[PDB]
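Q: got an experimental structure here, sequence first:
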Amino acid sequence: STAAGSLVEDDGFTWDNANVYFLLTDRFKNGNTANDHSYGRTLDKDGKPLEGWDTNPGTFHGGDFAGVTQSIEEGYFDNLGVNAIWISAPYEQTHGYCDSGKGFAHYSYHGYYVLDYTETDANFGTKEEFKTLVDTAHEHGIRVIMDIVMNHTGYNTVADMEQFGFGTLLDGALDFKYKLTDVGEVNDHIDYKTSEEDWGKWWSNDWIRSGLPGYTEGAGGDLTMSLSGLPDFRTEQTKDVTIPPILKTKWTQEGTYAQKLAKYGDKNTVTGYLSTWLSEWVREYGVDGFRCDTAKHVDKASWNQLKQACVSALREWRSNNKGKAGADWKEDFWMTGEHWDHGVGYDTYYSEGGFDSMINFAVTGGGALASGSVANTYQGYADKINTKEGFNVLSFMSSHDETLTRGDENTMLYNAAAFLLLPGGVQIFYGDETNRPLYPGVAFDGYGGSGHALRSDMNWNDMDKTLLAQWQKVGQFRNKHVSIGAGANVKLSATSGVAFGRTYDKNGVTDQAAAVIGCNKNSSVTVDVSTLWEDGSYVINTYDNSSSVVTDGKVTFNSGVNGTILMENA
């Protein structure tokens with residue numbers, strides 16, 4: 001089998017050691033200022049950008065594939081040792097905005113609110129720039145995790161419902177398109193009820209379960225609930241359907257309609273289409289994996305097909321593009337589910353769902369990383385995850401929905417080490433490396449809320465170079481050492497703080513690595529690594545490239561300014 005996380009790829013990547021830079025594309029660099037224009041988003045009635053457009057915390061600041069590309073070209077990620085980029089979904093989002101309720105326009109900047117799995121969002125860019133991006137990413141060896149949604153559609157928005165004539169826009173809806181702030185009224189202009197035919201032009205009842213007229217809601221919680229009021233794809237359903245009415249409309253405003261049908265055909269299951277269209281991105285550009293949003297909320301059987309489709313598609317793409325960047329990769333199409341508050345433990349997502357990975361919430365807020373506990377946290381995870389194939393997690397301590405962890409320089413320094421050293425994958429949410437603050441503005445909204453507090457603009461002006469160094473040094477260390485995610489934890493004895501080792505021995509991966517966290521500064525740590533390393537082994541403390549041979553099991557590194565020691569085998 002080639003199930004994602006069952007070999008090490010030629011370049012040393014494995015989904016067991018995923019270091020996933022989750023970036024909201026809008027919030028990274030606006031690398032092409034023309035994109036801000038796309039679909040008339042940020043502009044007024046004259047086509048001039050609205051005054052606050054780049055500051056309003058839910059408008060598109062304009063971050064784009066090109067500026068992500070520039071970030072890659074700059075090697076920002078490469079300095080962090082990131083090996084997967086989880087972009088906000090690249091397919092064409094909902095053009096307009098929904099009411100954030102915190103008063104500002106929530107423009108879909110985050111890339112969940114799908115409009116068309118076949119097209120790119122012109123604010124992120126063309127397919128060519130996307131092709132360029134994924135080629136750039138694959139050129140850098142960064143896996144593009146596409147952050148797809150198969151659960152739910154985007155919300156309907158004025159700009160779409162204008163452009164595609166679906167649903168009902170009431171009078172003055174359009175003017176809201178020209179507003180950044182005090183836009184909670186916006187939905188009062190969108191009529192979710194009066195006609196099944198206007199909404200009939202949106203997806204279809206055979207495609208959506210929702211409160212929309214027709215569109216019958218799903219039976220109950222989890223696999224059939226409209227999470228956050230997002231309309232939910234009837235991926236449960238084996239019924240054959242057409243292309244959705246909105247996409248009859250869209251593709252006929254364009255010309256490609258007839259080409260597409262000749263590619264998809266008129267009849268499939270919703271899963272089979274969504275398989276088809278989503279796996280087309282895999283079929284066309286070779287996207288490496290999906291973070292499945294809300295995996296808890298649609299049928300694991302339907303999630304099962306999708307992987308096999310995207311498995312099938314990536315095989316095709318890898319057949320077409322032979323010698324393209326990433327045509328030769330071998331791990332099957334990796335799929336991770338955001339089961340909310342998932343711990344560590346083998347469950348049917350890895351079997352019914354065919355998921356390779358689940359997002360592990362137990363690390364949120366660093367509570368598991370407190371020096372009074374983190375010793376055992378690394379044991380509890382490595383035993384569970386790194387012993388069961390097809391079993392993995394993606395640990396995170398900040399996210400677009402949960403928390404954004406801030407405190408004393410030492411706590412950021414400390415949690416930076418204590419966090420990224422976790423077994424399994426880790427999610428570097430953007431700007432944690434930089435001390436990116438919460439946005440000055442409407443009060444905090446994490447813990448599974450809209451997380452706008454967490455999604456402030458990337459503070460490129462003010463990068464906390466010292467904290468950056470920490471996340472760079474630790475992140476590069478993690479990236480090089482697959483055992484950090486994939487290896488069995490051995491607890492180690494140290495003079496101060498906490499220490500551990502890890503071994504990994506599968507698929508020839510044959511890797512082992514250690515660390516010490518929070519050791520008292522500028523001082524000889526004397527940590528017993530005898531369980532990893534025989535006493536002639538050299539650690540290199542990759543925090544500063546200092547070297548200290550083991551002695552009677554101990555190594556005697558200077559703990560340096562931040563008391564963090566990143567102890568690879570030389």
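A: Received it, and whenever you're ready, just let me know what you need. Numbers count the residues shown, from 1 in each chain.

Q: SS state for the spatially most central residue of the chain?
A: Geometric centre of the chain, nearest residue: residue 86, 3.4 Å, by C-alpha atoms, centre = their mean. Under DSSP: H, G, I helix; E, B strand; the rest coil, residue 86 falls in the strand class.

Q: check the gap between it and residue 430 for me.
A: 10 Å (C-beta to C-beta, to the nearest Å). Bear in mind the C-beta positions are built from the backbone N, C-alpha and C, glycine included.

Q: what is in contact with these two at once?
A: Counting by C-beta atoms under 8 Å, 6 or more residues apart in numbering, the contacts common to residue 86 and residue 430 are 21-23.

Q: let's see which of the residues you listed end up in strands.
A: Taking DSSP state E, the ones among the shared contacts of residue 86 and residue 430 that sit in strands are 21-23.

Q: dump those residues into a markdown table; add neighbour count and distance to residue 252 as well.
A: Shown next, in a markdown table, are those (neighbours: other C-beta atoms under 10 Å; distance: C-beta to C-beta, whole Å):
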| residue | neighbour count | distance to residue 252 |
| --- | --- | --- |
| 21 | 26 | 38 |
| 22 | 23 | 36 |
| 23 | 26 | 34 |
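
Q: want to throw the residues you listed into TSV with distance to residue 257?
A: Output for these, formatted as TSV (distance: C-beta to C-beta, whole Å):
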residue	distance to residue 257
21	36
22	34
23	33
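
Q: tell me the one of the residues you listed nearest residue 79?
A: Within those, the smallest distance to residue 79 is 11.1 Å, found for residue 21 (C-beta to C-beta).

Q: helices of the stretch 201-350 of the chain, residue ranges please.
A: 245-253, 257-264, 270-284, 300-320 (DSSP state H, counting those that start in this stretch).

Q: quick check: residue 535 touching residue 553?
A: Yes - between residue 535 and residue 553 there is a contact under C-beta atoms under 8 Å: 6.6 Å.

Q: between these two, point out the one with more neighbours.
A: Ranked by neighbour count (other C-beta atoms under 10 Å), residue 535 and residue 553 place residue 553 first, with 17 against 13.

Q: okay, now residue 82: neighbour count?
A: Counted with other C-beta under 10 Å, the neighbours of residue 82 add up to 27.

Q: ok, now which ones touch the closest residue to it other than its chain neighbours?
A: Excluding its sequence neighbours, the residue lying closest to residue 82 (C-beta to C-beta, 6 or more residues apart in numbering) is residue 21, at 3.9 Å. Contact partners of residue 21, counting by C-beta under 8 Å, 6+ apart, are 77, 80, 82, 84-86, 428, 430.

Q: how about residue 21: which residues does it bridge to?
A: With DSSP bridges as the criterion, residue 21 is bridged to residue 85, residue 428.

Q: domains of this protein?
A: Domain segmentation of the chain under automatic domain parsing yields 15-360, 484-569.

Q: and of the ones you listed, who's closest to residue 394?
A: Nearest to residue 394 among the domains of the chain is domain 15-360 (4.7 Å), distances taken as C-beta to C-beta.

Q: what ranges do the helices span in this protein?
A: 65-73, 76-80, 127-139, 158-163, 173-176, 196-200, 245-253, 257-264, 270-284, 300-320, 374-385, 409-420, 465-480, 483-486 (DSSP state H).

Q: quick one: contacts of the fourth one?
A: The contact list for helix 158-163 (C-beta under 8 Å, 6+ apart) reads 39-41, 94-97, 115, 166-169, 173-174, 176-177, 186, 189-190.

Q: for the helices of the stretch 201-350 of the chain, please prepare TSV with the additional fields mean neighbour count and distance to residue 139.
A: Listed next are those as TSV, based on neighbours: other C-beta atoms under 10 Å; distance: least, C-beta to C-beta, whole Å:
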stretch	mean neighbour count	distance to residue 139
helix 245-253	18	31
helix 257-264	13	27
helix 270-284	23	17
helix 300-320	20	16
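
Q: mind putting those in a markdown table, distance to residue 480 included?
A: Formatted as a markdown table, the helices of the stretch 201-350 of the chain follow (distance: least, C-beta to C-beta, whole Å):
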| stretch | distance to residue 480 |
| --- | --- |
| helix 245-253 | 45 |
| helix 257-264 | 41 |
| helix 270-284 | 28 |
| helix 300-320 | 26 |
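
Q: ok, how many other residues are close to the closest residue to residue 169 other than its chain neighbours?
A: Excluding the flanking residues, the one nearest residue 169 by C-beta to C-beta, 6+ apart is residue 161, at 4.9 Å. When neighbours are counted by other C-beta under 10 Å, residue 161 registers 26.
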